[PDB]
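Next up: just one chain, as structure tokens, the form deposited in one PDB entry.
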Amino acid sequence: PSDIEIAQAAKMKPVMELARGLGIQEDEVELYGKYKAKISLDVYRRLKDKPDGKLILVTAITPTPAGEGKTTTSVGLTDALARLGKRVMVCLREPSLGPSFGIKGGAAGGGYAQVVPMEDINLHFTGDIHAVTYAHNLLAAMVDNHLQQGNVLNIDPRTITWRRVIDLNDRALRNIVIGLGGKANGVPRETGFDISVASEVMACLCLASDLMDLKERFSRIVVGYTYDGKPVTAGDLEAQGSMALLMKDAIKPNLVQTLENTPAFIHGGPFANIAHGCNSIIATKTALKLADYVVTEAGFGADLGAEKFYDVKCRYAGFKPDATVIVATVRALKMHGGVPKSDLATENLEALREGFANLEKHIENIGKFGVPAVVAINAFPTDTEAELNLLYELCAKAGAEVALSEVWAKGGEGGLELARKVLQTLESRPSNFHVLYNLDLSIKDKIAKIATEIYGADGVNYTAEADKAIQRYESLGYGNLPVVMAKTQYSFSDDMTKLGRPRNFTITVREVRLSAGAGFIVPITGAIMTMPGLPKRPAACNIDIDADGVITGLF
């Protein structure tokens, strides 16, 4: 059937059951209807000394338009592990609302490997993204107001880096002039809007230890500079309290479940380019004390998500990932061997071997962190046996454990093979985890290592702006932070057409922005889209809902 038909055919257990079965007190649960809830921060605070379960990351090979299925696999693996009688959770990211009205409206996973309720997840859910948005825009309000009231701190409005947010895809608000209409109405200036999920505030929600840490981060944010170049912060404006208060429910992870009633957290949902691409630390760390096994994931390929997962999230949280799955398809692999999307159903053993180079590299890279990999093949109905076997073999020739996953079609039952290979790994392969780089390196040094060790670049080139920008940040003492690489995702390089694995290439860093709040540095290599726009016939036009509450055109 279809993703949505399946969600609706499903039978959901009240979430309080699940809460209780995990050893969550009824006074720590906060229902939003009988199938979603917020879990207090007190749970972690009281289980602070229990041991952490096993931490498992689901990443993948370089994205293609032919599709990977990295979420499907986190949920299916999770549903197999439940069927082997394991005490397991899954942690996932909340999607933006914006797609639902432009292009998609999509399942959190797909087939018989989703998290539910699907409707609520795609609409307002528990309002987490409304609170980010209000927190971001209050700050900007307070900025523009502070100019109006004499601008005591002597900010140069033209230097302001803090923009606005909204969780709709509105190209019209990319570049605006505000502050018009007179001396009563503010100070004219050039600014604009980004999509709310790209908010530094969303990044902070996802890297905070607790509410008081969320507040200190807020206070550290850079909104702009004085006429002399001194930086001004959210704390210079006394914004941090108000913004923390506006997030007091948002900071609590949201408990949901799979089609098969395995417990799931959904919490946070940042960008994976100008930010790190994970769900929150709060949820993953809470899941760790509530389960023996935690399955989580990260955006884009392992060159980006996984690398940041390890180098940002784990570093902050003090997590030691115990294993990592890497997803791949025979379809996707052939594209990396030059086959076009048109011809993906024609068998091509030759193309599959060449395209394998993409996967081979990721495995090596995952190697670099001392985490035991496992390849998981997403089964696809037009894949011939010759192909699959050849893949299986090539992973083994690369010394990698590999499994067939049919979790899309068959649910927890299609994940069993993979689950077993995962369990086989946890018990018998102790992880030797370490960050790829030290924080004391310079900014250029950190970018080199990643660019050379992870992307396979000969080296890195900097523009005059980027050079001047790094020289400034280091001089303000922002130089011993991590680094978050804003690159394309469709290649190891920064050339979207250079399908993996290219050699003899260099990476170029065109701009450098700062996220003092989240606590990192962002090198840009391409033009980055922080606010997408609607297509010619947006989905909104065809969405409807009748008298009986039956919805259409949403999925």
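Here the rigid core means the biggest group of C-alpha atoms that line up within 1.5 Å when the two forms are laid on top of each other. From 1 onward, residues are counted along the sequence shown.
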Check your understanding: Going by the B-factors listed in the PDB entry, is the mean over the C-alpha atoms higher for 24-32 or for 521-529?
Key -> 521-529
**Study point:** Mean C-alpha temperature factor, higher of 401-409 and 210-218
**Key:** 401-409
Check your understanding: Going by the deposited entry, which of 265, 134, 433, 225 has the highest CA temperature factor?
Key -> 433
Study note, to complete from the structure: From 168, 152, 379, 90, the top C-alpha temperature factor is at 379
**Study point:** Third of chain Cα B-factors occupied by residue 339
**Key:** highest
Practice item. Please place residue 479 in the lowest, middle or highest third of its chain by C-alpha B factor as given in the entry. Key: highest
Practice item. Consider only the C-alpha atoms of the modelled residues in this chain, order them by B-factor as the entry records it, and name the third containing residue 145: lowest, middle or highest. Key: lowest
Practice item. Quick one: classify residue 9 as lowest, middle or highest third of the chain based on its Cα B-factor. Key: highest
**Study point:** Where the record places residue 273 (Cα B-factor, split into thirds across the chain)
**Key:** middle
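Separately, the form deposited in another entry exists; it is not shown, and the next lines address it.
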Check your understanding: After aligning the rigid core, which of 235, 479, 337, 192 is the one whose Cα travels 2 Å or more between this form and the one not shown?
Key -> 192
**Study point:** Is_shifted residue 33 between this form and the one not shown (CA, 2 Å cut-off, rigid core)
**Key:** no
Review point. Does residue 536 show a Cα shift reaching 2 Å between this form and the one not shown after rigid-core superposition?
Key: yes
Check your understanding: residue 65: with the rigid core matched between this form and the one not shown, does its Cα shift 2 Å or more?
Key -> yes
